[PDB]
Every structure is written in C-alpha cells, then in structure tokens.
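> Please find the sequence and an experimentally derived structure below.
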Amino acid sequence: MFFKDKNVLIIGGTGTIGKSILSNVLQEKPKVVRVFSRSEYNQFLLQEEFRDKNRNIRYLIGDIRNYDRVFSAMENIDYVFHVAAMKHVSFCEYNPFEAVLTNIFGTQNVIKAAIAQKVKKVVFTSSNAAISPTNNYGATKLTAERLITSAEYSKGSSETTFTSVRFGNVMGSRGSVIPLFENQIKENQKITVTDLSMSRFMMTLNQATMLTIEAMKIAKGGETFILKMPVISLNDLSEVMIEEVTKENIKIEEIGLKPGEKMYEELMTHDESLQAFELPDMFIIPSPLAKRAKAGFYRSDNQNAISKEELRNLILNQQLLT
Amino acid sequence: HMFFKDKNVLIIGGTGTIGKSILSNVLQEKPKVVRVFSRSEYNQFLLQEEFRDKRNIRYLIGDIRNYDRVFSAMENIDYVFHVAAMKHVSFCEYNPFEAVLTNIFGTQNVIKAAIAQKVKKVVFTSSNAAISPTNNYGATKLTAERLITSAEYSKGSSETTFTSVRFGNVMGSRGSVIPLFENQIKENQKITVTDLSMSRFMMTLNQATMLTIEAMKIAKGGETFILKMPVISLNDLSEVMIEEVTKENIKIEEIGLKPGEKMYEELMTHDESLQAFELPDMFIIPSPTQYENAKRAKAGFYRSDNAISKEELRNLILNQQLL
Amino acid sequence: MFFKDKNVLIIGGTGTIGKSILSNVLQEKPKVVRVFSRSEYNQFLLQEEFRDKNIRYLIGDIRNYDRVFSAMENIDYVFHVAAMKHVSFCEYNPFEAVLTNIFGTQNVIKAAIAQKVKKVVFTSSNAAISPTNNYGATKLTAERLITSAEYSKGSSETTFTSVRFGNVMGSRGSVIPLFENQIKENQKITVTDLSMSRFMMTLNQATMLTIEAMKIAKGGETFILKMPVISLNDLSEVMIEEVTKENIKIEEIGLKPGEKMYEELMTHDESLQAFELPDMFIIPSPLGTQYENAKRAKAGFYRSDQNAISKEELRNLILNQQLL
Amino acid sequence: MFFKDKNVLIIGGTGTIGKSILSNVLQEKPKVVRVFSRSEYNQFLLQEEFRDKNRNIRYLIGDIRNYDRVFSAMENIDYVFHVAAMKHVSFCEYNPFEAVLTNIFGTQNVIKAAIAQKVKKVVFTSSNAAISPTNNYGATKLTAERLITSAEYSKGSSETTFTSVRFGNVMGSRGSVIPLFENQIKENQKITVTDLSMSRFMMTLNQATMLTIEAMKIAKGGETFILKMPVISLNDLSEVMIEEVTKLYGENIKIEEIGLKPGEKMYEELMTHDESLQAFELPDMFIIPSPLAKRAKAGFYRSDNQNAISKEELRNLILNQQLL
Amino acid sequence: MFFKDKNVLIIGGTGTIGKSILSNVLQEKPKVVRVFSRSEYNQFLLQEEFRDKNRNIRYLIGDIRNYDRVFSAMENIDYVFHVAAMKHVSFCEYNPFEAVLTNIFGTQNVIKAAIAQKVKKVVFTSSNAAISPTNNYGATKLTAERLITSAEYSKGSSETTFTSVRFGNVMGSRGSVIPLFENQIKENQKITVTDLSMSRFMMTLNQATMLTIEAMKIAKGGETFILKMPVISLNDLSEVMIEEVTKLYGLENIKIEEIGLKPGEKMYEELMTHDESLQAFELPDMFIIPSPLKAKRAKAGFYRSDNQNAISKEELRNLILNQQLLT
Amino acid sequence: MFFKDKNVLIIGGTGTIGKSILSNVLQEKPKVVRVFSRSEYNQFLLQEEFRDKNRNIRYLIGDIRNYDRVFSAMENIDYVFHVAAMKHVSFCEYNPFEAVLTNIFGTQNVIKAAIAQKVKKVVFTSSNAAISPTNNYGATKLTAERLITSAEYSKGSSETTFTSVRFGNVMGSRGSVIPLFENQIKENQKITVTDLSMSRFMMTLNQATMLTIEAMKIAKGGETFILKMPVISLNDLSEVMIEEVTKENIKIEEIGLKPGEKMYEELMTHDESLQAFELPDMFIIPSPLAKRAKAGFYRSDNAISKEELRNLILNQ
Ligand SMILES: NC(=O)c1ccc[n+]([C@@H]2O[C@H](COP(=O)([O-])OP(=O)(O)OC[C@H]3O[C@@H](n4cnc5c(N)ncnc54)[C@H](OP(=O)(O)O)[C@@H]3O)[C@@H](O)[C@H]2O)c1
Ligand SMILES: NC(=O)c1ccc[n+]([C@@H]2O[C@H](COP(=O)([O-])OP(=O)(O)OC[C@H]3O[C@@H](n4cnc5c(N)ncnc54)[C@H](OP(=O)(O)O)[C@@H]3O)[C@@H](O)[C@H]2O)c1
C-alpha cells in the first residue's frame, strides 16, 4: 500500500537495519529508493547483490556530517529513514567527539535538510541506551532524541513530521556478540566474555524492521516507539552459543568490561512510564513539549529472562549461523 | 598567596555566579593576571565597575563556540577554569542543539586550545546531572565529561592535564529557585511549584568555589571530584521560603514538572562507586594515585532519595545571606 | 491595528529596547512574537515577567546563520535590535564587534530574503555618522549593508529599513544607572570629560520610532527622531543632586578610548537629501517616495554642540520617567 | 631496524594496503602504530584480529576531510602513511565531489597537518591511473600527486618530507575483479565482463606493501617510486578465474558482456612520455624526481606496449595467493 | 532573438571570453546582464569602457569560492555562463590547491547555486587540456567537466540544464603567447621559446564566443560541444610573430632563447579521448559528445594536434593580422 | 641596510604600492621576497618584468580571505607588508560585504597568522578616509586600524609588533583619477568630473613607499604614521591635466558624486591632534589603549596652485 510510487531515502542503507528496510520497502514497488552511506566498498557489495533488481535503487556516496550532501540526497523525497550512526559503546568512549559529529551533529543535519526539502516524514532509529545512559554513545542518542522531539515542536509551518523508534539488541547485527562468538569458536576455540551476569532486551531483525516501517506509516509526530521485548541472559547466551556452534572443549576467557558498558538496559525511564501508552506489541511515549501503561522501572534486571531452551530455538529459527 | 602567586589564570565564564567567586578567591593569592572570558558586555561592564580598584584583570568578550577566540584567550596562560555552559534544564530541552554547541562543541574547543597553547591544568565544572541523566543538559555534560576523560588518555606528548569537578545545586545561583520564590512572593504573592516530592543535593557558593579551586591545586589528570552534600527536600524549601520571605496568605500554584526534570540527583553511577575513593568531605573518582588519608568508598547507589531538617534548612538559608 | 494576528520576531528582545518593543507590539494582539537572544538567565527572568501574557523564547546567536534562518520561519516582521553597543568594548574587543554588528547583520539580511520576510527594521546610532570609533564604523557598515540589500533585492519583496537613535536614557549599562549606583555604593562618580554633549531620548520615544518605521517604511529609509541635547556637566550635577535624596567625590577618569565629544543625526551630505516631518528626519536612499507632512530639510550639520537643555528641564526629564 | 621505537600513523590502515603495511611495520618493533579509518566496524574486526598483539596499536576513528582530527592523530608522530581514498573508478564519476573531498581535500589536510605537527615523512599512495587519465579518480590522483610535489618545493623551513608511490592493480584488494569473479561464479554462475581486450599492470600485496615501506625509508622527498610490474590480459584472467574457481567447488558457466563502465581506461601507464625523459632506473623500480645514478630509456610505458604474461604464469600467480 | 528580455550572469565577465560574450549577449537586448569578477580595477576599466551602453549591465564584485555570493548573484537569473578559472598551466602546478578552489570547488558552488535559484541553463567553459592531461590544470578541468555531467544526471526534478563547451588556445586572450612575444620583441628584443616542436589547436575569440553562446541556446544538457579547429605549429608562430612585430615597430634580428618546457606542459593537445570519439556526433563545424552517464556519428580515432596538418606559415600570418592581435 | 638577508612577504605586491615596496626592498638584497596576490594574470606580468632578477622573488597565488593560505604564505617570514585591499569608494558601496571580507576580515587573518608564524613586524597600509568616514570603505579602514591597534595592545607574549600607516591619494596609482583623465582625453575628448570644488591631500608614489618602509624600520607598535601632504584642488587638477595631455576643445561632463564620496579628506580627527606628535615631514599617533602636535582639524578644507601642481605631475 503505503510506499507504492513514493520516493524514499534510506540513510545508512548498507548497514544491518538499512538493508532490511530497503528490501521490505522494495516490495511496495516504490518509485525510487536511495541508499546513502560513506563507504564505496559496501555500496559495491550492495550493487552486486541487487544485480537484476537495481533499476529503482540509486546509490549516493555521502557523509551525514556534510549538510549540502544530505540536502542533495534529500531532493524531491517523501520519506527519510535515518539509520546512520556510530553504534558501538567502546568506540564512542575512545572517540567521543567523533560520536558527537555522527550521532548528534549528523542528526541536526538530517533534520534541517528534511525541513528545507519539504520531506513528508522522518524516522529516527534510537536505542534503549538513551535511557539513563552510563556512556557517551547513550548520551548522544538521548541528545538526538531531544533533537528530534524539538524539531517537531518548533516545526512552525513545516509539514515535515519527526518521529523516533527505540531498539535493543538487533540479533546478529554488524559487530554484535552472536557473530563474534560464532567466529571465535570456529577459529580460536576460545570465547571472549565481559560479565556473565549482564542482561539485555533483544529483538529480531524483522522485529526491528517492522517497528521502523510501521512508525513511518502510523507516526503522528514527536513520539517514540519501543517494542515489547524479551530479556536474555549473557550466561544463557554463551552456553546456548557454545553448544550450537559445535554442530565442546571451548575455553571461556573473561576479559572484563568495555569502557562505559551498562550491566542492564531499560525500555523507558520511570518518568516516561508515567506518560507512556501501551499497545499489544509495543509502547508509545508522546512528546514531552489510547490505553495507559503501568508506571515502573522497565529494566532487563527486573524481567524474567527467557530460558536457555527458549533462547536456543530463537537463534536456530532466525538462522544467525553462516 | 601560595599556588596562584604570580601565575596566569583564565576563568572562562567568569562573569557568572561561580566564575565570579573563583575570580575573587584566586585574586587573593596575588596572581600575575586573571583573564575573565564571557559573551555579554553588560555583565562584563557591571563586574568591571565592581573591581574598579582591585588592576590585575583583563576582560575578554568572546564565545567558547569560537575556537579562535578561545585559542587567543588561552595565550600564555597557566591555569584554565572552564565554567561556561547553558545550565537550565528547560532551556536545553527547548533549545537542544544550542546546548550541544555551548556544552559539547564548546568544551572541545577548550580542550583543543588548551593542548595547543600548552596550558598546565584545565578544570571542567560538571553536574551530578551527568549521572543517569533524564534530559539533554545531563547528557551534554556526560558527553563533555567523556571529552575530558578522553583528552587525558589521548594527551600523548602533551603536559596539559584535564580534570572534572561535579556539583549539585549551588544555592542562590543565577536563575535558581531561591531567588525565584523570593521575587515571586515580593511581586505576585505566588509560588510556582513543580513537584514538591523532588529532592536535591545542594551546596553553598563557597563550597563549590573551594572544591573547584582544590581540584585545580592537587589534580594530576583524569579524576572527578565530588563534595558530599546535604540533601534538601523541595517541600521543606517551599515552606521555609514562604515563612522567612514574608518576614503569609500566599498562593501555591502547581505549574507541574518542567520537561526533562529528574526527581532526585546522583553523585556518581554504580560502576563509579566501585573505584571511588572516600575523603572526609569529598569523593575522588580516578580514571581507568594516592590522596592524603582516603579510605575506599562504600560501593552502591548515591541517590538524594535522607533530607536535612526544616530548621536546619532555615538556618542554612538565613546564615548564607541568600535573601 | 497593524500587528493583529501577524508573526513578529524580535532579535535582541531580552534587552532594554527589545522588551519595550515586545510589549508595545503585544498590545496589538499579534499571532505570535518570537524573542531571540543568547543568554538563558535573561530569557528566564523575562519568561517570569510574562507569565500570563503567545510568546516563543528562542536562544540563538546572530553570528550563526542557521539559527537565525529557523528563527525567521514563516515570519512577517523582524526587529533587528541585537548588537554590541558599548564604545569602550568594541575598541577593546574589536573583532567581536565585527562578528555581532557586521557579520551578524548579514546573516539577518540573507536569512530574511531566504524566508521571504515582509519587512526588516534595523536599529542604528547617531554614532554611525562621522565616527571616531569601531562601534560607529560597524554601525555605518551595517547601514550600508541594509541600503545595498534594498537596492539589489531583485525579485525579493523583503523591505529593509534603518532607524537611528541617540542615547536611550537609562538603558542597560548606561551612565544614568551607573552614576546612581556609583553614589549609593561608593559616594564617588566616574566622570570622563564634562564638556561632552549628547542627543538623548526616552525608552518609549525610541520604541515608537522603531514601530513607526515598521508600519510606514518602504525600504532604504533611515528614520531619525529630533532630540533634546544634554550636557554631561549638567547631567553629573543633576545626578549628584537627585541621588542623594551631600558631599560626593567627582573623579576625572578621562576619555574612554574612542569616545566622541558630541554626536551627529546625519552627515552634511545626507542633509542635502533629507526630508522633514515635525518631530522626525527621514533620509531616503540615494536610489521619489512620498511621506506625509514632509518638507525638505535644511543643509548643514546636525551636531549636539550652546543649546543644551537646562538642569531644570533635565531633572524634570530624569524624575518623570522613573529612571531611579 | 628503521621503525624501531618510532610513532607511526597509517591513514587508511583498515583496508587492504593499510593492514599489510601495519603488520610489516609491527615486525620492526615501533613504539606505537596508529590506525585512522572512519568505519568502526572495520576497526572492530582489525581490533579483534590483533587480539593478543595489540599493546603496540592504537585505533583512531576519524575522517581525512576533518583537519582537526587528522591533526590530533599526527601528534608527536614520525611517519605518515596516507593510504585512505576513494579508489573505484565508477564511484568517483557518479560521486565526483565526494572523490574531491577525500582524494584532494584530504591530501591537503594531510600535508598541512604534517607540516604543523613536524612529522618526518609522508608517503602518498597514488595510482598509475593518474597518468593521462580518462576519469575523475585519475584526475584526483594527478592533482594529489601535484599537491605532494608542491608541499615539498615550498616546505620553506619544514623538515617534513613528501613522497609518492604509484601502484597498479593490487591483486585481491578489497572490491576488485578477482574476488568479484570468484563470488559471481559461486552464487550466480555468471561472470560479468566489461571489455575483454583491456590490459592492466598488476602487483601483489607485498610488492605494494614493500614499495611503500622502501619509499618510506629511502625517499629524499619530491620523488615518485613505481615498481616494474607484469601486464595481465583480462581475456586470460577471466578464463583462468573460471577454470580455477570451478575446480575448487564443482565450467559450463556464463560470461556476460557489460561493456565499459564510465571513465574506464583501456590500458594503464606507469609514466607519461615526459616523465620517461628524466626518470631513473633501478633493477626493480623507476624513480621520477621532482618536476619543480642510472637514467631510464624514453618511450611509452603502457600495458598496451609491453608483452603480457602467459595464462599459466597468471594462474600460478593467482594460486599462490588469493582464492577463498 | 534568444536573450530578448532575459536575465544573464557571466561569471568571469571581466576576462577575454567573458567580455566578448557580454557584448554579443548585449545585442540581443536582454533585461539585464550581470558581470561577476573578483577584481574592482578590472570591473572599473570595463565600467568605463561601457560609458553609454551601461544600463542593462550590473557589476557584482565576488568570488566563486564563496557559495553565498554566487547564490545572490544568481537570484532570479535565467542563463549562467561559468567562464571564471585559473587557466595557466604553470601557475596551477605551483599553486595547485588554489587551482582546486577556483576550478573544482567553485564549479560546485555554481552547480549547487544554479539548482537552488532554479536557473534555466549553465554553460561550463572547459579546455581541451582535460583530455588525458599532464597537468593539475587539466586535472581540474576533467574534474569540473565531471561535476557538470553529474549535476545533470542527478538533477532529480530540477529543470536546470548543464552543458560543457571545450576550447583550444584562444588567440590574443589575456596572458597568452601572442601578446607576450609581441611585447617581449618590443621591450627586450628577444622571445622566450619553450619548445618549437609543440603544436596546438587554436581558435578565434569569436569562434570561442559563438561556440559558447550556441551551446547556451541549443543544448539539451550533459553534452560537450567542441569546435573543429586548425592546428598551429609553434615553430611557424615564433617565426611569424618576429617578422610582423618587427615590420610594424620597425626593428628581424632579435634573439630566440630556449627555455624548455614549463612543468606539466603537454606537447600537443586533443579534442577528445579515443573512447569519446566512438559516441561523438559530427556537425559541419562542431562535434557533440553526449553524456557518458546516461544525427551524424563521427569517425573514431585520435584527434590530436600532432596528428593533423598545420595551417601554413602564411595562413597563420593572415590570421594573426586579420584578428588584430598586434597593438 | 635593514632588510639584507631577511625574509619578506608582501601581501598585495602586484598593485601600485605593493610593487613599489618590492623593488625598493630588493635594493637592500633580502634573502627572499614573496609576492602574494589573487590574480595569476597580474603575477604573470610581474614575473616577466623581473625575468632576470627572479631568484630573489617567489610568487604565491592566495586570497587574504583564506587563513591557511595567508598562514603558509607567512612561514619563516621576518617582515609583512599588508598592502592588499579593496580601495575604491564606489565598489565598496555597491559591494559592501565584499569590502568587509577583504578589508576587515582579511586583516584579522593577517594579524592572527602573523602571531602564529612569529613574524617580527607587520605594517598595515590605511587611508585618511578612515577619519570621520562618510563611506563604507572608510568604515572598513577605521575598523582595520582598530584591529591592528587591538592586536598590539593584547599581544601577550608575542614578539610580533603591529603598525599602521595612513595615505592620501597616491598619484597615478591603479584606477585613479589621473590615469583615467589621460585615457579619457586621447580617446573621447570628454573628461568625466564629479564635483570640481572637491579637495584631496595627495602624495607621490615614492612618498607612500618611503613612509611604509620607514614604518617597518622604526615602529615600536600600536602607532599610526601620517605623512605631511599637499592639498590639491580638483578644478586645478582638471585644467592642468587637459593642458598637459593636449600638449583644448576637450569637453567637461559633470557626472556628479559617486556613492559615499567625501568632499574633503582629513589626516586625523581633532581628537587625535590632541595626542599626536609632530616631526619634520610626518605625524605620529600613538596607541589609544618627541614634539607635541598643534591641536585642531587637519581637513583638506590653502591648496597648491595650478603651477606647483603641473610641476608635480610632469616631475613624474
Ligand atoms: N584563453 C584560452 O586560451 C582558453 C583555452 C581553453 C579554455 N579556456 C577557458 O576559458 C575560460 C575563460 O578564459 P579567459 O581567457 O577569458 O580567461 P581570463 O581572461 O583570465 O578570464 C578569467 C575571468 O574569471 C575571473 N576570475 C578568476 N578567478 C575568479 C574567482 N575565484 N571568482 C570569480 N571570478 C574569477 C577573472 O576576473 P578577476 O581576475 O578580476 O576576478 C576574469 O573575469 C576559463 O574557464 C578557461 O579555463 C581558455
Ligand atoms: N592609491 C591610493 O591613493 C591609496 C590611498 C589610501 C590608501 N591606500 C591603500 O594602499 C593599499 C594598496 O593600494 P594600491 O594603490 O597598491 O591598490 P592596488 O594597486 O589595487 O593593489 C591591490 C593589491 O592587493 C591585492 N588584492 C586585492 N584583493 C585581495 C585579496 N582578497 N587577497 C589578496 N590580495 C588581494 C591585489 O592583487 P590582484 O592582483 O589580485 O588584484 C593587488 O596586488 C591598500 O591597502 C589601499 O587601501 C591607497
């Protein structure tokens, strides 16, 4: 229905999530989709993969740090998926200003080009790290989320609607723990662990993709979407993983804790739970500037983690192994 | 006249509550110069006519957003105080990119110019807002804190030293509740109350001033100094204000929460408490070094969530000349 | 009448004249007024002073184009009131004065054209005429910026007018509040050169002059109000007299660097073009517009330099607008 | 030996030539090697590849379009390997301004920042495609080569040294024809072939890696080193690539004519004729001195104008290195 | 005809080709023509030279490195001629980042500004140096040429058209060999010869002017127009120049000093790569190369100045005389 | 003497005064002179003129709106002549912000790059148009002059010292009245006159060259040098010109005032006469942050006669 005959930009289209959004949107036969990123090699690989489907896809090389390039990329465009970002906790500690240029300054650049190019809607892909952040990456997402909600509230005349979406661990994404364990087994027969008492809300690629695309379609403006998500144990994941890659003399090595890392991650602040709504599969938090959700602390701490066996089925079902 | 005697000092943000206090404390120690750096000529004027006889000061108008101006402001300077910021919570939610500019991009400029001009020590003035933040201001100050942390790691060949200092509410500061409620009664016999069940760590002007001067004096880089503080309930504050300002059929309006406001504040994260040192009056969180008789902290949480009494708060206000 | 349900932006609205314009404009029931200034403490206090009375508050620096651009989003009328106004400060920090007064004034013009703003009224000074200091040179360059924009408009409909004041009595960081608070505290007064003279004006006078140009102007004009001349000599005695309610030190501080001994309403060369209303001079751009009640002005100088108002008149002025 | 307890930056250290240069420098026990790349996920892989050798390495995220970030990466550094670029002919024609930012504007940021941080040497990693180019990519290298010679000539009093090295096809390097053909056979069983009569000068990874390190150690500044490389027909390569990839996995496989991509050259050249008139020869190398020991013969050094290798030597070469 | 009552910007109208375009565009009687140049003294001369014709002409001081100023010069303008550049081979090798700013970064500013102001068409003025170049100058012109084609390809929904023209040595144009040799002969009685064996494609000022103006009128967008031009030997040129400059000022026994090549100089020039000659169209007096990114077909082969017969000495002399290239 | 074995940059060295400084400086046999300007064409002409003296001279293309280029141009330089500017009254009126970039914003660039490259002295070339200015150009030189002073006053630790020099009309300079009339007579026989009742202090090319080079050699910092100049009548100039070029049916056209123009020019404000010093052929105005000058207004409001003028012109 929704995207048929429209002009879409996907900023970060070579990344785990951008590629997933591309091909679902492509099924609605859109007039065009434009993939925006910095790295030619990754666009090269993208081009090849879409060999015979490539008529209605276009590949811009650009950096979201550069305004005039965001702007040109945003010409005659209806929908902007803003999915570019520095996502690694450690990299955004060792390089904390670099994290700012991409996540914060890049966001203002995206916002501002969307106002000027009279874009219809913009969907910002945030994280549960933005809640009560222990690290610079999360600080930059909390700032970016403030940037997006401000944009909506001070629009003025603009017809451009601004929205956020909020992820937890997208399972098996670029640089994530699941591929790194799968690799470290096969090659080294040694796993690299931080702290097995750690906790995370996690979610499938499609879960993350559908949230985002549903957001484009339903988004009113100034709101945040948070999917209802299962908690996963880092102990459970390590054992379930070491087992399933074998198809069992692996040495679990304890490396410690990467700078900034949070022991647990939270879907929303308690203060947000006070104004937040509850749908079947998802929460909606309206702009700070129709069913009520239960007030409280939605931590991964507080949730019964799914059991080793329920987790095992989840990995093998979504096929996160090469 | 020990440490600063005949040295060259830059107070960036020196026109303001805390910058002015540092200015007069540092000045007793007989420094060779103190450069006061600030954007607004009205404030430089006012402060300049306050010191008409106290010769030792240069007054530089400029903006920490402009690196070039920060760079020349640091020329031949021994000790920088980075006190400039946007400090209201509400203003950083409604003008959130403006906050990034002053609080983040501005803090880089300090770090980059200090390195380039071979400054001896830089001291950043942060908030307990930067712990487990609920608002853009808090996040910007956490990011700034990490900029200061990283700058100390990446130093390289540089001798320049980067330190943070972390405050809670400096009682009676520019744009704060104690002046507000006072002047709201005076004029409109009305109080604007947000949520009376809020709690804050709060401190005196002198407390924050000496904390910042102490860290400047003894820091080798990487640390974060926190003075331990009385906890203050807003419910008691409202009452004690209505009582003492009258000297009492005064309206109490409930504006409600301003956006992004946090119900309590926190001196440090749980992970920080794991490496924290304890002193009698203070905490020192080191970087990922010995201090005169400091035990290791009690790990755990440091939330304002138990408050000082109403007659204590009365005294604290009255003895401070806050009215 | 004029501002009813229209959209207004006051660049520099926290300040002496900014606030004065703000609330005059608000009386005409305008759809919104956006206040634009940098300093959050000042927006805060003003926010509290308009706690019932429709007003967006934006933090921004005119040195940043992008911020000024979004400030003018969908706006009809703009008041460009922000500058550095101290003479001493613009000599001691001269490049900072270029940034706010010149570069910043571009950003307004450029952004107003960009967002198709209906009218812009620039607040200038007597200082811009035959200037002896950087500030006045910045205001001269501002003025020519504004005139040029109006000429090279092209297809644009944005109109650019200048307004040109003299000392707005009791404005932020000026001598009347200074001397008052100098006596009260120090029993001392800082006097520069007592044979100085100034055209000076009321806060409301300068407010109405600026609201006039908004309503009336077709672009290119520089409006100057006719103004009483005031001796500093007389001001200093009158001040020492009224603030006491006995013996008070009068310190010779001397000239602050760059200061002019007298001020001028227009250049001689402008008097050859100038129009004359009863209480106003309008200088049309060099480039045949009709104003009502207007005859041609008389060629010559318009210096303050002999015909100063009396102490009697002056103390009456200072006492009547409650300036203490 | 040379790099012992030195500080080294590899601008572009994550990709093919950067990684190979890194591990070769590491065997001489330098104090530190820094690695400068934009993409955190490529640094994440490299960082994991050097699991327990890492104490010597630092990982810097940054862009050479950013002077300030290039500058801080150069702090107290002795040796710079400028290896970052857009290197794809197609991408550089469809995004030519991007190519200008990284290949030219970055090269100057490098020059300017090395001068400012008092680096010893900078080796610029250019292509033979900058000679009589038919594309933007080549034009950026020509310009970049021309920036490197200009820095040297007007050094003034800088001790910093500037040199270029000039590769032809580095076999198997990220996003090039050999891994594409293997992959195209594996997944689809089609090879995609532009124009089969194209010829290319091709070198191995270590031929390149050691060209750049030699240059690093030996250069007197303003020079250009190029390695004598064998020619390879694309006729032979495509044939050889199917033969061998089919063997490894399971040769009745399609060949699809694509024709040229925009700006693709038919052959490449190591130096223009003019360069050939003042270049020096060593057994395995040519050295062009600055435009601003044994001397070569003139002529047209092209892939055109030199006998290729045989199918068999080509296959042999491919086997001793890069399949998957 | 075409420019009747239109608005025109000649970015670089103070120079040789920009002035000639100005006066040619002026006879079709447009609403306004704007001149955009950095140098006030050059504008001052032009101003004074157009004593009574100045009324539909405006004089905008400005720099194409400045986007914002390129922007406002283009306001509500219909036809942009981008004729500004550093065009000296030697200068662009010794100041190559300056060449980048003026020749590349400035071309982008034009492109970006022209799209933003909804201009109708733009004609970029390239050189035949862009073909298989041996210098930074020709490096930047290839790149500029490339920016122009890219603009067109991804226009998007912009109606703004982009086209390149492509010149050879424009005779008597500012800072060129002919006024140099004349003046050298006058003032030091000896010329400076790089390398007499060099050959060059050379066109008249009117050939250059008409080429550009035609491409303004005709161009669909993304094409490249090149004029069939005669080859000139520098041997003949140096000889002819000494003869005729002597005949005038009344002096032919004057020194000839071999300087050798300046850095980056090419021996011959080329109108197009061989590759381009396989898609290019021939007209009587002109080739049209279409866009490489998206009616008579020309012959293939290498169109060089060493690969085509010069004019004779005597034809050259006729030319140099009839073009009034002496003073 | 003073410039032997030194490294001199001349910013704007292709134009009237810039060149005059180049060749005088060259007699003192410096190690190097760098000529810095925007225009390749003008450098080209300058390279040809100096063809057999050019080992000493370097030729940089750069715009003083661009810091990094001014900076690199300043590498290892001892003395900087800041002679580049937008100088026409009219061009600075129609193009007012362009004039700010070059005159004001350019000057900050020189100053800031001078401090960084530890340049020994910097001499700024201003105009008496800066006094009580009627035009934007005047506004921008008064602002520039201030910048230079402010740079000296807040140096801090730098050894770089900043100095200004104030010209009136440099006779026969680029784009000026005398070359315009000489050309206008021969080709058209119309002179184009603004207001014949105008007034100007005027000075020889040498005068201004020597003022500037002296300021290099002597200057302590923060001072302005003004040379004692003769006043010339635009009536006397227009006739003297027509007579000598014709050497007289040459019609005179009154075009009127171009925008911004001042009827007279002034060596200093009254306010500066209160602090200025006098010398044989010069005034010295010290930093607002030796013989006293007589106070009063140094307006061009006695002129030199028709005959003294004619001698001045024919003597060059
Ligand atoms: N002449 C030839 O033989 C020849 C052959 C092939 C191609 N071309 C091309 O033809 C074009 C014109 O050649 P031409 O012979 O007429 O050159 P020219 O006489 O030097 O003209 C150059 C023009 O551009 C202006 N300019 C230079 N830099 C500028 C900047 N940054 N911003 C704005 N304006 C600038 C110049 O005036 P100011 O210096 O006053 O700013 C002048 O108006 C050039 O693009 C060149 O590449 C020429
Ligand atoms: N002539 C007088 O009567 C007089 C009177 C008062 C003051 N002055 C002052 O004396 C100085 C020189 O006057 P002049 O007669 O020599 O003028 P001029 O002949 O026009 O010389 C101007 C010089 O500055 C260069 N230039 C212009 N803009 C530039 C920029 N953005 N970046 C770098 N270089 C630039 C010019 O180079 P190009 O080759 O690029 O054009 C040229 O070399 C100026 O500061 C002027 O204001 C002169």
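Sure thing, it's come through. Residues are numbered from 1 along each chain as shown, chains lettered A, B, ... in the order given. Ligands and ions are numbered 1, 2, ... in the order given.

> all contacts plus neighbour counts: C-alpha atoms, from now on.
Fine.

> need the contact list for residue A:129.
Listed by CA atoms under 8 Å, 6 or more residues apart in numbering or on different chains, the contact set of residue A:129 reads A:137, A:138, A:139, A:141, A:265, A:266.

> Quick check: the gap between it and residue A:143.
Residue A:129 sits 11 Å away from residue A:143, taking CA to CA, to the nearest Å as the criterion.

> now do residue A:270
For residue A:270 relative to residue A:143 (CA to CA), the value is 18 Å.

> elements contacting the longest helix that chain A contains?
In terms of residue count, the longest helix belonging to chain A (DSSP state H) is helix A:136-153. Contacts defined by 3 or more CA pairs under 8 Å, 6 or more residues apart in numbering or on different chains; DSSP states H and E place helix A:136-153 against helix A:91-94, helix A:96-100, helix A:106-116, strand A:121-127, strand A:161-167, helix B:89-94, helix B:96-99, helix B:136-154.

> let's go with 6 Å and repeat that
If contacts are counted by 3 or more CA pairs under 6 Å, 6 or more residues apart in numbering or on different chains; DSSP states H and E, helix A:136-153 sits against helix B:136-154.

> Distance from the helix it packs on to the middle of the chain?
Centre-to-centre, helix B:136-154 and its host chain are 15 Å apart (CA atoms, centre = their mean, to the nearest Å).

> Buried residues, stretch A:214-229. List them.
Taking 16 or more other CA atoms under 10 Å in any protein chain shown as the basis for neighbour counts, the residues of stretch A:214-229 that come out buried are A:215, A:216, A:219, A:221, A:222, A:223, A:224, A:225, A:226, A:227, A:228, A:229.

> same thing with stretch A:313-322?
By neighbour count with 16+ other CA under 10 Å, stretch A:313-322 contains the buried residues residue A:315.

> Could you work out the most separated pair of the buried residues of stretch A:214-229?
Taking every pair in these and measuring CA to CA, the maximum separation is 23.2 Å, between A:221 and A:229.

> OK, now which residue of the stretch 101-250 of chain A is nearest to chain C?
residue A:157 (6.5 Å; CA to the nearest CA).

> For residue C:7, see how far away that residue is.
Taking CA to CA, one finds residue A:157 at 12 Å from residue C:7.

> if we can go back for a sec, between residue A:270 and residue A:143, which is the more surrounded one?
The residue with more neighbours, out of residue A:270 and residue A:143, is residue A:143; 29 against 17, by other CA atoms under 10 Å in any protein chain shown.

> residue contacts, the more buried one?
Listed by CA atoms under 6 Å, 6 or more residues apart in numbering or on different chains, the contact set of residue A:143 reads residue B:136.

> Apply 8 Å and report the result again.
Contacts were defined as CA under 8 Å, 6+ apart; by that measure residue A:143 touches A:104, B:96, B:135, B:136, B:139, B:140.

> how many other residues sit next to residue A:253?
Number of residues near residue A:253 (other CA under 10 Å) recorded here: 11.

> Confirm for me that it is in contact with residue A:188.
No: Residue A:253 is beyond contact range of residue A:188, at 11.3 Å (criterion: CA atoms under 8 Å).

> Which residue does the stretch 201-322 of chain A have closest to chain B?
When you check the stretch 201-322 of chain A against chain B by CA to the nearest CA, the closest residue turns out to be residue A:288, at 6.1 Å.
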